[PDB]
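Analysis of the macromolecular model
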Amino acid sequence: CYXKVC
Amino acid sequence: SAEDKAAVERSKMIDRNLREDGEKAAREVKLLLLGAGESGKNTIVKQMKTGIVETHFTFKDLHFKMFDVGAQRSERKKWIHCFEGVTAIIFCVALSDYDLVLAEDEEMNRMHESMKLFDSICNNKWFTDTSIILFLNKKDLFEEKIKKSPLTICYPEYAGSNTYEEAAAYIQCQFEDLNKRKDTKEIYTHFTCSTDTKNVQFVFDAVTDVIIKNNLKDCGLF
Amino acid sequence: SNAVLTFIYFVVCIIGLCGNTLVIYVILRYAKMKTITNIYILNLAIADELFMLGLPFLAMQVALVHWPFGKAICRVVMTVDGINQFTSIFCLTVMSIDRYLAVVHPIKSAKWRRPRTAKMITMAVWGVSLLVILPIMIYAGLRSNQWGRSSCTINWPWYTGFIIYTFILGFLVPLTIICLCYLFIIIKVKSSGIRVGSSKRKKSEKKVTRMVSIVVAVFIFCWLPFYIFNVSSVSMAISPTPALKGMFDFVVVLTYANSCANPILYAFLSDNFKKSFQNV
Amino acid sequence: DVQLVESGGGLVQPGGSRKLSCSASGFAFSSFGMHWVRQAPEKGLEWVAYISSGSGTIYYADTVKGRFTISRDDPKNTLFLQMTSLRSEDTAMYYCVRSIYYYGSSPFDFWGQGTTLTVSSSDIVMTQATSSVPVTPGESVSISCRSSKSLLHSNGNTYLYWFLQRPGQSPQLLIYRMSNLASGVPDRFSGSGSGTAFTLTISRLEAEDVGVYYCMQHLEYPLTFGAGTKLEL
Amino acid sequence: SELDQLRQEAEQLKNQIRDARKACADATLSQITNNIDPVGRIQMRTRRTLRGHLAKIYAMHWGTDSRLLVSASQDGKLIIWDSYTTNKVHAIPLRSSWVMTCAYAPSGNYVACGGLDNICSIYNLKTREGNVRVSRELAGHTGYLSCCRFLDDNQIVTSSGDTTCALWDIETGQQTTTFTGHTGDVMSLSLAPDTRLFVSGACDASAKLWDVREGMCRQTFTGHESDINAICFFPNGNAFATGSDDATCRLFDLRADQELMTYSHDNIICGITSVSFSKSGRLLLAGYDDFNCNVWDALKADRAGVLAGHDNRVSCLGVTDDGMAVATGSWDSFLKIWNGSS
Amino acid sequence: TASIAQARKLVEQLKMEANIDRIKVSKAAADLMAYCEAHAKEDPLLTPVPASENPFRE
């Protein structure tokens, strides 16, 4: 996860 | 066409001058000036300076237009809607007309005729949200009258006390009780000074507070 | 554990895409157009509408981990959820400067408050955001890191300080401005009716300070734990818990609830728009 | 009343420059479009340039477009024309024409007295094929000219303009837009026609109705003149 | 002594006219017009939308060419419009903002306006210069001005709130006649087709047909409960419809001398601000303050249209001289031009 | 004699308005519907014209 999804 | 392109080109020179004049006239403060007649309206115009007499007295970076409809001996309900979008309403009431009778029919003595007019200006459907500035005009003249005669010929249910500062607990609170729209207006009240500051500074201070609370109703916060 | 996780993304996209349609329905038709606070709440409603249109494209990626064609779809749908997400927090930091210029400077504003210089600001925020998301514009990054099933978040060549950039420009530049441009509104609604000529209706400051502490409590509840989860991701690595697939995916969609509240909060309190919506 | 008077020029060596100014006084010059029109010796008139009111629309004559420069200044109430790289066809008396365009106005009505410039060395054509007519006072005169394109427009009017230049005088609008009489003209003149061929009629000739009777179009730019139709006594 | 017998002598002449009136009221006109065709749902559409006023529009008036029109508004502007292309021919700045009326001269050379300043200002459109300037100001009224109407380039008639109408000579600048019969504020005029009479409704709910050359009230028309806000003449010249704050309008007659048809509706409890007739005299158009101009089939007393495009009250409206258009300026600062499609 | 002159000014006004030679309304109002059917063709709002002659084309 980084920005908007993991 | 060629000439029809220069008529279109002219109409948007008309248009950008109706827009330039109309954004220089939304920055102006419009103020009705009502009252009972010989009630000190002529005094405060001389401070703040045949049909309408539009007095323009732009004084502290804010351009005021004051419209004295004094000599409009006609039905007030037929031309009062012209002043619907108006910032405040300056209303003068003579304090010395407490026991002084009116010259019409020897009715209730010339301040129940002012209070009858205030109830017709507060609760008027065009003035649902135009907050009225109140002036109490003849402050010096009734103090010499309240020592001679008590405040019972006008208000027989008063307390008494024959005092200069007592009548604020009689006269001012009686007029602010006529405000039936106690949630949408404010009835900013004053005692008309004889100095150059404290009778037009109040008109500037209490019309900014109309402007601030007009923006908070415009910017959602109210 | 993505049972209610995939459902809540399309359950907030219904109220969001319909909420900001209700604002443009009452401004593009029953216009003000010269009340310049009604071209900002229009422009915020455009931004919170376009930022909701990229929410169903990200909604399936938590159920179907394999993403659609990242050459074009995942290469630009995070460019549509980058411009419309950085104007739907920049339309409401210029609408909150707009409220500062009215309520505390109601004389010196009107030389720079006419409805032509507001159209030169309300498009100047639409252009600044595309000059801000320029990292996301080129580095779309179709990635297949965990268990295959190629998805689309980012692939940068630095990398650690991009969440600093989305936070020091998308959470501490608006919230510093908004809290200053709303604390100064408190110190003149409780001062013009206090120091200068004053009535007994100075109780109305308690009306202003109630509906103005909402707008930061709504704003900080929908943006702060999103960046708080990301700074733990740039920190020492936590364990990949299956609750972290349930508590990061729920805080991502919490950021799309701020853009659901601005048709409720910034528009449907304003009495000129409330009386417009009551009629229409 | 209304008065346009222009300055500048008279004698210049070829290949040079000259600044023609036109001082306006008596009317609302910031609300008028302004032309320049020239007239070479023993020739007809020829349109030079244009500014719309408010300086929004500038045209030029396609003969010398890019060589001349037309400019106005409303607080000074003058009208400038900068003419550079002066040729030999530029030798003409230059007029200052007043013109206002709204619904129902009379364009091209007030012409200045003029200034002269001498040196030392597609679009519509208006044709007045008659050059001169011998005529005796009292009879009905009928002057006619032809256009190339149809002058009638789809909005409804017919942009043909008439002008009289008396000997030793300035042009004077008689009929604007093919039918309508100008202000202060005698009622004897009348204009008519249909589409491409028109006829100016006078009913009674007088001693000041002698002169050369030009016809202009205004349908699209250039405002092309024709060679004139002389009436002598 | 005798003043209370002249109190009885006054009503002695009033009940005599009452029995002379219901005798000649032999049949109501709606039971003769039972057989005529109702015009159907008149549907008009805002072809043009003339925008550029920035406050309430208080009066408009068409030119005689049916193409130019003047509108007055509370922002102190008098705008001449080309109604064909929505492009403004002139915008005239007024000396007082509080303007309640405006008129176009039948030659189109002149435009008048007036209002709370008790002056009908006359403006010259077709100057030898470029501008529009003030020809004459007509001072001599005591109350506000309600309606100016030109007879020609040199004679205008004005009503006022001092209960007096007045005929003027614009050249000398002073009123040749003064018409004093009303007791309330006169609120509207309409000149006759032949311009040899006019009729004026007042705040005392009375209407009074005058004579411009004699100078006295021919007939006096009652029938309303509240103030009359709007007169226009029928195209015949022998009728006029009064529009009241009573939320009603009624049609009159000079040769019959009583009300004939009253156009009301029980859902309409809002007062009429303007009245105008159509070219056939078949569409009374009236601008109410439930924000929408209604369009009254004037022969049948059943509303046959509505021009509901206005966001505030419809203060002014006028049908052209060829029956072709209709403007309805209103308090939402727009004039909308209405023409029904086939 | 000022308030008597109010009643003076209305008596000869009411009797010069009393001798008006008026006709009953069954001919005086049926001539107003007789105005309309003689002018019902050229009223462009009572009957919409063909749109090629309409100068107001949106």
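Residues numbered from 1 in each chain as written, not as in the entry; some residues may be left out. Chains lettered and ligands numbered in written order. Heavy atoms only, no water. Residues with missing side-chain atoms left out of burial classes, pairs and counts.

Method of determination for the deposited model, per the PDB record: cryo-EM, at 2.87 Å resolution.

The name the PDB entry gives chain E is Guanine nucleotide-binding protein G(I)/G(S)/G(T) subunit beta-1, with Bos taurus as the organism. The title field of the PDB entry reads "Structure of somatostatin receptor 2 bound with lanreotide".

Chain C carries the name Somatostatin receptor type 2,LargeBit in the PDB entry, which gives Homo sapiens as its organism. As recorded by UniProt, the Sequence similarities comment attached to chain C reads in full: "Belongs to the G-protein coupled receptor 1 family." (UniProt positions renumbered as here; feature names shortened; annotations may be inferred.)

Bringing the overall build of chain E into the picture now. Scanning chain E from N- to C-terminus turns up 2 helices and 28 strands. Along the first, second and third principal axes, the C-alpha atoms of chain E reach 65 × 50 × 30 Å. Scored against the burial criterion, the 342 residues of chain E give a buried share of 65%. Residue pairs at least 24 apart in sequence account for 44% of intrachain contacts in chain E once pairs closer than 6 positions are excluded. Total accessible area on chain E is roughly 12,200 Å²; 43% of this is exposed by carbon and sulfur atoms. In chain E, which carries 32 positive and 39 negative side-chain charges, the distance between the mean positions of the two groups comes to 8 Å. (Helix = DSSP H or I, 4+ residues; strand = E, 2+ residues; numbered from the N terminus. Buried < 20%, exposed > 50% of the residue type's maximum accessible area, 1.4 Å probe, protein only. Contact = heavy atoms within 4.5 Å. Areas by Shrake-Rupley, 256 points an atom, 1.4 Å probe, with all protein chains shown as cover. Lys, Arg positive; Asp, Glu negative; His and termini not counted. Charge placed at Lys NZ, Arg CZ, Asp CG, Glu CD.)

So, about the UniProt feature "transmembrane region" in chain C. Within this numbering scheme, the UniProt entry marks residues 3-26, 38-62, 78-97, 121-140, 162-183, 208-232 and 243-257 of chain C as carrying the feature "transmembrane region". From the first C-alpha to the last, residues 78-97 of chain C spans 28 Å; its make-up is 45% helix and 0% strand.

Here we take up the sheet that holds strand β18 (residues 228-233) of chain E. The strands making up a sheet are joined through hydrogen bonds of the backbone, oriented either antiparallel or parallel. All names here are of chain E. Ordered in space as β18-β19-β20-β21, the 4 strands form an open sheet in which the pairing is antiparallel. Two strands in the sheet have a free side with no partner beyond their single neighbour: β18 and β21 (261-263). Within the sheet, the average angular offset between the axes of one strand and its neighbour, ignoring direction, is 20°. In the sheet, β18 pairs with strand β19 (residues 240-244) via 5 bridges, with the strands oriented antiparallel. Looking at β19, one finds that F233 is bridged to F240. (Pairing = 2+ DSSP bridges. Axes fitted to C-alpha atoms, helices over the stretch in contact; angles between N-to-C directions.)

Two residues share a disulfide in this structure: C74(C) and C152(C), whose sulfurs sit 2.0 Å from each other. Of the two residues, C74(C) sits in helix α5 (residues 73-83) while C152(C) sits in strand β2 (residues 151-152), which places them 78 residues apart along the sequence. Each sulfur of the disulfide joining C120(E) and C148(E) lies 2.1 Å from the other. Here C120(E), found in strand β8 (residues 119-124), pairs with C148(E), found in strand β10 (residues 145-150); they are 28 residues apart in sequence, far enough to count as distant. (Disulfide = S-S within 2.5 Å.)

This part is about the sheet that holds strand β16 (residues 189-194) of chain D. Residues and elements named next belong to chain D. The strand order across the open sheet formed by 3 strands is β11-β17-β16, and the pairing between neighbours is antiparallel. The sheet terminates laterally at β11 (141-146) and β16, the two strands that pair on one side only. Put simply, the sheet's adjacent strands are angled 20° from each other on average, direction ignored. With 6 bridges connecting them, β16 and strand β17 (residues 197-202) associate as antiparallel partners.

Each side of the interface is counted separately: chain F has 38 residues, and chain E has 63 residues. Only α1 (2-16), α2 (25-28) and α3 (30-36) of chain F provide two or more residues apiece to the side of chain F that touches chain E. When residues of the side of chain F that touches chain E are assigned to their parent elements, the largest contribution, 8 residues, is made by α1(F). The residue inventory of the side of chain F that touches chain E, partitioned by class, reads 24 nonpolar, 4 polar and 10 charged. (Nonpolar A, V, L, I, M, F, W, Y, C, P; charged D, E, K, R; others polar.)

A few words now on the pairing of strand β5 (residues 87-93) of chain E. All names here are of chain E. In this sheet, β5 lies alongside strand β4 (residues 77-82) in antiparallel orientation, the contact comprising 6 bridges. Bridged to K77 within β5 is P93. As consecutive antiparallel partners, β4 and β5 are separated by 4 residues, and within that stretch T86 has a phi angle of approximately 55°, a positive value.

Residue and element names in this part refer to chain E. As recorded in UniProt, the sites labelled "repeat: WD" are residues 45-93, 94-139, 140-180, 181-222, 223-266, 267-308 and 309-339. Within residues 45-93, the helical portion is 0% and the strand portion 65%, while the C-alpha atoms at the span's ends are 31 Å from each other. When the span residues 94-139 is considered, its composition is 0% helix and 54% strand, and the gap between its end C-alpha atoms is 16 Å.

This paragraph deals with unusual backbone geometry. Residue and element names in this part refer to chain D. Of the consecutive residues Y221 and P222, the connecting peptide bond is found in the cis state with omega at 10°. Looking at the element boundaries, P222 is found in the loop between β18 (211-217) and β19 (229-232). In this structure, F108 takes a positive phi of about 65° despite not being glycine. Relative to the assigned elements, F108 resides in the loop between β8 (92-99) and β9 (115-117).

Glancing now at the arrangement of the chains. Contacts between protein chains span 7 pairs of chains, and they are most numerous for chains E and F. Nothing in chain C touches chain F; the tightest C-alpha to C-alpha distance between them is still 19 Å.

The closest approach of N and O atoms between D245(E) and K78(B), which form a salt bridge, is 2.9 Å. Of this pair, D245(E) sits in the loop between β19 and β20 (249-251) while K78(B) sits in the loop between β3 (63-68) and β4 (88-93), placing the two residues on different chains. Two residues, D82(E) and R67(E), come together in a salt bridge whose shortest N-O distance is 2.7 Å. Placement of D82(E) in strand β4 and of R67(E) in the loop between β2 (57-62) and β3 (68-73) is noted, with a sequence separation of 15 residues between them. Each of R38(D), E46(D), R67(D), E89(D) and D90(D) takes part in one network of salt bridges that share partners. (Salt bridge = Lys/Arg side-chain N within 4 Å of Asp/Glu carboxyl O.)

Residues and elements named next belong to chain B. Bridge count for strand β2 (residues 53-56) against β3 is 4 bridges, and the pairing is antiparallel. From the neighbouring strand, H56 faces β3, where its bridge partner is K65. Between the end of β2 and the start of β3, which pair antiparallel, lie 6 residues, with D61 showing a positive phi angle near 55°.

Residues and elements named next belong to chain C. The interhelical angle for the contact between helix α10 (residues 174-189) and helix α12 (residues 214-234), taken along N-to-C directions, is 170°, at an axis separation of 11 Å. As the angle between them shows, α10 and α12 are arranged roughly antiparallel. In the packing of α10 onto α12, the handedness of the crossing is left-handed. Residue-level inspection shows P174, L175, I178, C179 and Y182 of α10 in contact with α12, the latter providing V215, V216, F219 and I220. Taken together, the residues that form the contact of α10 with α12 break down as 9 nonpolar, no polar and no charged. (Parallel < 35°, antiparallel > 145°, perpendicular 65-115°, else oblique. Left-handed = near helix turned anticlockwise from the far one by under 90°.)

A ring pair is formed by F59(B) and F204(B), whose centres lie 5.8 Å apart and whose planes are at 90°; its orientation type is edge-to-face. Within this pair, whereas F59(B) is found in the loop between β2 and β3, its partner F204(B) is found in helix α6 (residues 201-218), the two being separated by 145 residues in sequence. Aromatic ring contacts, followed pair by pair, group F171(C), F219(C), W223(C), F226(C), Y227(C) and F248(C) into a single cluster. Positioned over the ring face of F222(B) is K207(C), at 5.2 Å from the centre of the ring. Of note, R51(E) hangs over the ring of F334(E), and the distance from its end group to the ring centre comes to 5.7 Å. (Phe/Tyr/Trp six-rings, centres within 6.5 Å; stacked < 30°, edge-to-face > 60°. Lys NZ or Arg CZ within 6 Å of the ring centre and 35° of its normal.)

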